[PDB]
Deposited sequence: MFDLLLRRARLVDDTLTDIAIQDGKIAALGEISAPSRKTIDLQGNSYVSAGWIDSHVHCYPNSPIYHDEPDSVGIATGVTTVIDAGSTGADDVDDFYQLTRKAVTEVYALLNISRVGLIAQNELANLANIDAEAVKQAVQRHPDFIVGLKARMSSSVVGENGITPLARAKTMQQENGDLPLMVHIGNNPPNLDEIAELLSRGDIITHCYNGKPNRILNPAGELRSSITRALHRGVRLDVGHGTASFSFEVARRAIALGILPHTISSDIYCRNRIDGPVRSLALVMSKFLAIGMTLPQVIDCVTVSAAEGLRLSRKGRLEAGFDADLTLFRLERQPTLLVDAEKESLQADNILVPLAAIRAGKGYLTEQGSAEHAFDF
C-alpha cells in the first residue's frame, strides 16, 4: 500500500501520469490503481519533476558575507537538494555539517580548496591556506557530505598567485578519489585560456558572466579554449549570483549552441531577498525567456545536476530513486527579470514552485499554501 500517490500529475513533456511513493522512494510511474494511504489529485494543473537541485548556493549560516539558511534556499523554494559552493573550507566544515543535520533540505557541500573558506573575500591570496592535508582530513571526516571542491579563480581571490591555486586544486582532486571540481570565473588575471587548459572531464560556474573572463571573445564567438574544454568534457554551470550573469552573453552563447549543462543560482540571503537572483525558479525562468524549452531547463536542475555532482539517487523521476519531487506551475504573470548587468527583460511566464517533496514527505511553499489546491 503506497505512502503517497500523485494522480494526474503533468510531466514537463505535458503528458498526464501518476506517481506512487513508498518508503521514501519512487515506487512507480504511469497508470496506477494500487491503493495508497494518501492520494492527491493534481487535476492536470501542476507540473511534477524530480526534486530540483541547486548546484551553487551559499547556505552556511555563520559565513560572514554570503550566508543563508539551507531551508530558506531549499524546500521553501521547491528545491530539494542544495550544494554549498565552497562557503567553508576545512576550518568550518564540521560546524557546517552539524548545523545542516537538522535541515529538511538535502545539503551537500563543495569544500573550498582554501582552509578558511569564504571567511574572507581573498581566500586564495595566501598559499598557506590552500592546504592539501587539511582537505584530505576534511574529506575523510565527511565522505558523504562533501561532494567536490571549489576554487574561485579570479583577480580579487588569488591575489598574486595567479594560476597556481588551480594547479593545487587539481592535485587536490586527484588525492580525493577524483571528486568533481567547481571553478569560478570572472575577472582576470588569471586568463580564461590558462584556467580552461587545466580542466578536464570539472565544472566552470558563472559561465555567462560579462566580465573579461567571459566565454565569448570580443568578436562574439566562443573562445577556442572553451570549445576544447567542452570537447574534453568540462561542463558549464550558470551560478547566476549578484554579478555573474549577463542576459546578452547568455543570449549570444545560446544562439551559438552553447547551452548550460546545469542552471544554478549562486544564491545567498542578500541576492535572494534584494538582489537579482531571488530563487532558482526565477533564474530558470530567465532561461525560459531566452528560449530554452521547459524540458531543457528542468534537465539543467535535475538529471544534469545530479550527474555532474555524482548524486546517484537524486535528479531522476524513476522507480527506486529517492522520493524528492518538485511540484510547480508555469503561470502567466508579467515580470521583469534583472540580470547582473542591471539589464531588464520582460517575461510573460514564470515558474512558481508550489511544493517540495523530500524523502516522500510534502511541504507546501508560500505560494503553494496561498493557492491552496492541495495539502499534505
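Missing from the model, relative to the deposited sequence, is only the stretch 202.
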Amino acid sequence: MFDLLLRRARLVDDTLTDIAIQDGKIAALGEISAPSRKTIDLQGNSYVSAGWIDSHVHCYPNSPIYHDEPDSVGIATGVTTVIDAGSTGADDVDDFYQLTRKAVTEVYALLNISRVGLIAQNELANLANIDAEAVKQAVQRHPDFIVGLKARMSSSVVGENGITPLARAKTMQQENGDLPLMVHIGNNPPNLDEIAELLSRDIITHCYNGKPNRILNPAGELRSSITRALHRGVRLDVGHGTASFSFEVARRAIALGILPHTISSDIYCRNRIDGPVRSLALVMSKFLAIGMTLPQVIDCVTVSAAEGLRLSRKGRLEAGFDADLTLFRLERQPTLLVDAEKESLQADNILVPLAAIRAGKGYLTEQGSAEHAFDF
From here on, numbers count along this sequence of modelled residues.
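Mean C-alpha B-factor is higher over 254-262 than over the other stretch, the pair under comparison being 254-262 and 80-88. Between the stretches 35-43 and 335-343, it is 335-343 that shows the larger average CA temperature factor. Of all the options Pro295, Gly239, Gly74, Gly177, the entry's greatest CA B-factor is assigned to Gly177. Among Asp299, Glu106, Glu197, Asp202, the highest C-alpha B-factor recorded in the PDB entry belongs to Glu197. Split the chain's modelled residues into thirds by C-alpha temperature factor. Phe145 is in the middle one.
When the modelled residues of the chain are ordered by their C-alpha B factor, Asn129 lands in the highest third. Residue-level temperature factors show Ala370 in the highest third of its chain, judged at the C-alpha atom. Remark: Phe287 belongs to the lowest third of its chain, ranked by C-alpha B-factor as recorded. For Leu4, the recorded CA temperature factor ranks within the middle third of the chain's modelled residues.
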